Structure formats: structure tokens, C-alpha cells
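Note on naming: letters A, B, ... go to the chains in the order of the sequence lines (proteins, then strands), and numbering restarts at 1 for each one. These numbers come from the heavy atoms of this one structure, side chains and all, not from hydrogens, waters or symmetry mates.
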Amino acid sequence: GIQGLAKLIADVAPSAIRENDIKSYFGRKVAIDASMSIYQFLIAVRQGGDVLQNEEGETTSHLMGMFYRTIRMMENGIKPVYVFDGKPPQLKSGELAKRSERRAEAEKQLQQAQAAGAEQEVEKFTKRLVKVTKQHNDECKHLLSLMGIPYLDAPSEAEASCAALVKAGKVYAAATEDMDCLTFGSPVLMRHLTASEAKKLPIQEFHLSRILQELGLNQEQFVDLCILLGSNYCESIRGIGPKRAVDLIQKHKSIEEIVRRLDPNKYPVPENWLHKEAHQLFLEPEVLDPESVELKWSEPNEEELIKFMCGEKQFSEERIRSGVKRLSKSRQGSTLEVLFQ
DNA sequence: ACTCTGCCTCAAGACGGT
DNA sequence: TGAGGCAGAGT
DNA sequence: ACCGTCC
Ligand SMILES: [K+]
Ligand SMILES: [Sm+3]
Ligand SMILES: [Sm+3]
Ligand SMILES: [Sm+3]
Ligand SMILES: [Sm+3]
Ligand SMILES: [Sm+3]
Ligand SMILES: [Sm+3]
Ligand SMILES: [Sm+3]
Ligand SMILES: [Sm+3]
């Protein structure tokens with residue numbers, strides 16, 4: 001994530017945000033950050049503070065959400081490809097070590113809530129410790145295969161590979177809630193694309209070209225601004241927030257020039273600042289090759305889906321069968337069968 | 001006045017019968 | 001892998 | 001649309 005970027009764009013670059021009705025997206029392809037989607041389901045899909053599960057004690061909240069949300073998108077003619085995280089970049093090792101502290105610190109506090117018979121504090125440290133395991137990813141990949149929905153393994157950060165799929169024109173936008181994708185150069189970011197029937201927030205498109213235009217920056221200058229706002233890969237400058245960062249970038253263009261012209265006593269920079277390495281990461285990240293795999297939306301395997309979701313994971317057979325039928329019908333409406341010449 | 005930091009909290013999905 | 005709200009301090 | 005329920 002980029003600290004405050006969403007608010008900054010709304011304040012100084014409003015024309016980069018465009019809203020459209022769900023009906024206008026029939027036939028459009030999008031890339032989804034699968035790991036983020038799983039994380040959201042593990043936190044939100046709960047009954048009595050506990051994730052859904054089968055009698056064997058196996059979590060099914062992530063399968064619940066991925067099954068029904070994916071079908072809803074396809075019913076609206078939206079064809080998603082799910083991108084799974086790979087090995088994180090080394091620059092993130094600092095941010096991850098921090099996530100270990102707040103995790104061990106959150107573990108340090110879950111017991112005192114349970115021991116003292118806490119009421120609603122147990123459910124808080126529970127959610128705080130949610131983490132997507134490789135079993136979660138493998139089960140979702142398994143589900144998507146049976147649903148006929150394509151997925152991809154990113155070599156590193158999924159958001160970077162999503163951005164690369166948009167750049168190559170293999171999907172229209174990266175559908176996620178983190179502004180990371182824009183810093184990785186995604187031409188289009190889409191927010192609030194759940195295709196739910198609730199419909200509370202409007203579908204928002206963030207267009208990078210409009211952002212660069214209203215801020216008067218090129219991409220490398222935009223990346224330096226995001227570094228000054230605050231990223232996951234390096235430190236920012238204390239006392240430099242969104243208002244001053246924009247002014248400094250617009251005036252000095254680069255972080256290097258900002259340092260040379262900054263007053264060490266007023267605004268000292270971090271010691272051994274890795275802004276140059278984070279700069280290279282955002283602009284030239286390790287990403288999948290968009291030309292390798294041709295994305296295909298295939299017929300779902302209904303009977304295997306029943307065996308897996310119902311027989312093993314104990315979903316309602318009526319609901320799963322109904323869902324598979326809706327998915328097959330919606331794919332037939334939005335997708336052309338393969339042709340040979 | 002404007003700006004930034006560090007606290008606080010609050011939320012975080014979807015189906016289907018009504 | 002948050003977003004606002006608020007008080008207090010720096011500019 | 002609300003809300004009990006999903007697993
Ligand atoms: K800062
Ligand atoms: Sm990110
Ligand atoms: Sm419980
Ligand atoms: Sm089992
Ligand atoms: Sm620390
Ligand atoms: Sm990631
Ligand atoms: Sm990520
Ligand atoms: Sm992100
Ligand atoms: Sm079993």
C-alpha cells in the first residue's frame with residue numbers, strides 16, 4: 001500500500017477517478033489479487049467470530065467467498081483472472097519483520113483475552129492473526145480450476161504482475177483495493193468491483209494517465225512521490241507528508257535532488273535510505289510474462305465441484321449446483337468457444 | 001494557518017426467504 | 001493487508 | 001432491503 005495515495009488523488013487529481021455502472025463492463029477482463037481476496041474472506045466470512053468450516057475442522061470461508069463472488073462477476077459478463085503472490089522481494093523483509101512483531105505481540109495478547117474470559121477481545125486478536133497459508137492458496141487454485149476460471153502464479157508481488165497484464169493489454173484493469181498497482185505502472189486500477197447485489201459503493205476506475213497529467217509528473221517522478229508518501233519497501237522522510245511531498249517532487253523532480261537541496265537539520269533523511277532500491281523495484285519489478293499463458297474461461301466441471309464443495313467441504317448441494325448452472329450459463333453468454341483455422 | 005505525527009476507534013462477504 | 005477522527009507539536 | 005444463516 002501507499003500511505004494516503006487514495007486520498008491524495010481525490011484531493012489534487014479528481015479527474016483520474018471515473019465511476020461507471022456494472023452493466024457497462026459486460027465482456028471485460030480484469031486481473032484480481034487472489035491472496036488479497038482470500039485474506040478479506042478469512043476476516044469477514046465468519047459466524048459467531050469463527051470462520052466457516054466443515055465438520056473435519058477445515059476452513060471454508062475463503063472457498064465460500066471465491067465461489068460466489070466469482071460467479072457473480074461472470075453473471076455480469078466480467079471475466080476475472082486470479083493472480084497469486086509468489087516469493088516477496090527482499091526489500092519487503094523489513095516490513096515483514098515488523099509484521100512478525102505485531103503478530104507475536106498480537107499472539108501475546110490473544111491468551112490474556114481467552115484466559116480472563118474476554119468477551120469481544122478474543123475475536124479482535126483472532127482477526128489480527130489471520131494469515132493466508134499455502135493450503136488456502138492451493139484450495140482456491142483447485143476450486144478455480146474446477147470452475148474453469150484461469151489463475152496465474154506471479155514470481156513475486158501479485159500486484160506487479162497484475163499491472164504487467166494490464167500494460168500488455170491482456171486484461172482491462174487490475175481489480176484491487178491497494179493503490180500499489182498504480183505505483184507498479186498499471187494503466188487502470190478498479191475499486192469496489194465485487195459485483196455484489198448489495199451495491200453500496202460505486203465502481204471506481206483510477207487512470208494512471210490522468211494522475212500523471214493532473215500532478216504534472218512522469219512515472220519515475222510518480223514512483224518517487226509514492227516513496228515519499230510511504231511504501232512497504234523503504235522509509236520516508238519524517239515531517240514530509242502528502243502536501244510537502246507533492247511540492248518537493250514537482251519542484252525537484254527526483255528524491256536525489258530533494259536530498260541535495262534539503263536542510264539536514266530541518267528534514268534529515270533516514271540513515272542508509274533504500275529509496276533507490278525501492279525506485280528500481282516499482283519501475284522494474286519481477287513479473288510473469290503476459291505472453292506465456294493465454295487466458296481462457298472454460299466450462300466448469302459440475303460433478304467434481306459437487307464432490308469437492310459438497311461431499312468434502314459440506315456446502316449445500318442445492319446452492320452449489322445452482323451456482324455452477326448460473327456460471328455455465330453466464331460463460332456461454334459472454335465467451336466464444338474456441339475456433340480452429 | 002497549514003502541515004505532520006501518533007494516538008484512538010471502527011470496519012473488513014454473500015445467499016436467500018421474507 | 002486501512003480509513004477517518006482527534007489532539008498536540010512542528011513549519 | 002432486512003437479516004438469519006451459510007459451513
Ligand atoms: K513521512
Ligand atoms: Sm502492495
Ligand atoms: Sm467463537
Ligand atoms: Sm479434508
Ligand atoms: Sm520496529
Ligand atoms: Sm503482495
Ligand atoms: Sm500485495
Ligand atoms: Sm497492495
Ligand atoms: Sm472429509
Side-chain heavy atoms nearer than 4.5 Å, only ILVMFWY residues, links allowed to pass through others: does that put A:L63 and A:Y68 together?
yes

Might you confirm whether atom CD of A:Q135 has over 12 heavy atoms from other residues, nucleotides or ligands at distances under 6.0 Å?
no

Consider only side-chain heavy atoms of I, L, V, M, F, W and Y, link residues closer than 4.5 Å, and tell whether A:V287 and A:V223 are in one cluster.
no

Rounded to whole Å, how long is the line connecting atom CD of A:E159 with atom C1' of C:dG2?
14 Å

Quick one: label A:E318 by what it contacts on the DNA or RNA (base, sugar-phosphate, nothing), any heavy atom closer than 4.0 Å.
nothing

Check ion pair A:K253-A:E220 (N to O, under 4.0 angstrom):
no

Please state how far atom CE in A:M309 lies from atom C1' in B:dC15, giving the value in whole angstrom units.
13 Å

Taking the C1' atom of each, how far is B:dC7 from D:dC7, in whole Å?
39 Å

Begin with the C-alpha distance, continue with both residues' side-chain angles, and end with the deciding distance and a verdict on salt bridge (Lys or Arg N to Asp or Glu O under 4.0 Å) for A:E121 and A:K124.
CA-CA 5 Å; A:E121 299 290 53; A:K124 205 183 201 313; over 6 Å; no

If you apply the rule salt bridge (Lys or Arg N to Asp or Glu O under 4.0 Å), what do you find for A:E303 with A:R321, and how did you get there?
CA-CA 9 Å; A:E303 293 308 324; A:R321 278 196 187 278; 3.1 Å; yes

Taking CG from A:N137 and P from C:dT1, how many angstroms apart are they, rounded to a whole number?
14 Å

CG on A:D85 to OG on A:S161, rounded to 0.5 Å
9.0 Å

Strand-adjacent residues in residues 36-44 of chain A, judged by heavy atoms under 4.0 Å from DNA chain C
A:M36, A:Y39

Could you state the CD-P distance from A:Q120 to B:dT9, rounded to the nearest angstrom?
12 Å

Span that lies between the P atom of B:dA11 and that of D:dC3, in whole angstrom:
16 Å

Give me the residues of residues 172-200 of chain A where at least one heavy atom lies under 4.0 Å from an atom of DNA chain C, by number, or none.
A:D178, A:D180

Joining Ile, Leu, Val, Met, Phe, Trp and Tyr whenever any side-chain heavy atoms lie under 4.5 Å apart, the cluster holding A:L339 also takes in none

Within this structure, what is the CD-to-P distance between A:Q204 and C:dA3, rounded to whole angstrom?
12 Å

Tracing side-chain links under 4.5 Å among I, L, V, M, F, W and Y, which residues wind up in one group with A:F26?
none

Mapping A:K127 and A:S322 to their closest nucleotides on DNA chain B, which lands nearer the 5' end?
A:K127

The remaining residues in the hydrophobic cluster of A:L110, counting side-chain heavy-atom contacts under 4.5 Å among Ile, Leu, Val, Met, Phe, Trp and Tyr, are A:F125, A:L129

How about NZ on A:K108, more than 12 heavy atoms from neighbouring residues, nucleotides or ligands closer than 6.0 Å, or not?
no

Considering only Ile, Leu, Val, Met, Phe, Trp and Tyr, and joining two whenever side-chain heavy atoms are under 4.5 Å apart, list the other residues clustered with A:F340.
A:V338

side-chain hydrogen bond (donor to acceptor under 3.5 Å, both in side chains) against A:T133, all qualifying residues, sequence neighbours excluded:
A:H136

Check A:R46 with A:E123, please: is the shortest side-chain N to carboxylate O separation under 4.0 Å?
no

When you group the ILVMFWY residues by side-chain heavy-atom contacts below 4.5 Å and let the links chain together, are A:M190 and A:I2 in the same group?
no

A quick test of your reading: do over 12 heavy atoms of other residues, nucleotides or ligands sit less than 6.0 Å from CZ of A:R18?
no

Identify, residue by residue, the members of residues 68-92 of chain A with a heavy atom below 4.0 Å from DNA chain B, and return them in order of residue number, or none.
A:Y68, A:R69, A:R72

Single hit among A:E214, A:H207, A:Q213 for side-chain hydrogen bond (donor to acceptor under 3.5 Å, both in side chains) with A:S15:
A:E214

Interface with DNA chain C, restricted to residues 228-247 of chain A and to heavy atoms under 4.0 Å
A:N232, A:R244

Nearest-Å distance for atom pair CD/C1', residues A:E121 and B:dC10:
13 Å

Which stems does DNA chain B form, counting runs of 3 or more consecutive Watson-Crick or G-U wobble pairs with both distances under 3.5 Å?
B:1-10 with C:2-11, B:13-18 with D:1-6

C:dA9 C1' sits how many Å from A:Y267 OH, rounded?
12 Å

Please list all pairs passing the ring pair (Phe, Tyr, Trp, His ring centres under 6.0 Å) test where one or both residues lie in residues 278-309 of chain A, with sequence neighbours left out.
A:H142-A:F308, A:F184-A:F282, A:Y233-A:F282

In terms of the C1'-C2'-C3'-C4' torsion, is B:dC4 a north or a south sugar?
south

Rounding to the closest angstrom, what is the interatomic distance between B:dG13 and C:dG4 at atom P?
15 Å

Check: protein-nucleotides 4-6 of chain D nitrogen or oxygen pairs below 3.5 Å:
| unit_1 | atom_1 | unit_2 | atom_2 | d |
| --- | --- | --- | --- | --- |
| D:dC6 | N4 | A:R46 | O | 3.2 |
| D:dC6 | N4 | A:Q47 | OE1 | 2.8 |

Rounded distance (Å) that lies between atom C1' of C:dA3 and atom CG of A:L8:
15 Å

Salt bridge A:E101-A:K98, side-chain N to carboxylate O under 4.0 Å
no

On DNA chain C, does the nearest nucleotide to A:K7 precede the nearest nucleotide to A:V130 from the 5' side, or the other way round? Give the residue.
A:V130

Describe the nucleic acid contact of A:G1 in one word from base, sugar-phosphate, nothing, applying a heavy-atom distance below 4.0 Å.
sugar-phosphate

Does A:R72 reach the side chain of A:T194, with side-chain heavy atoms less than 4.5 Å apart?
no

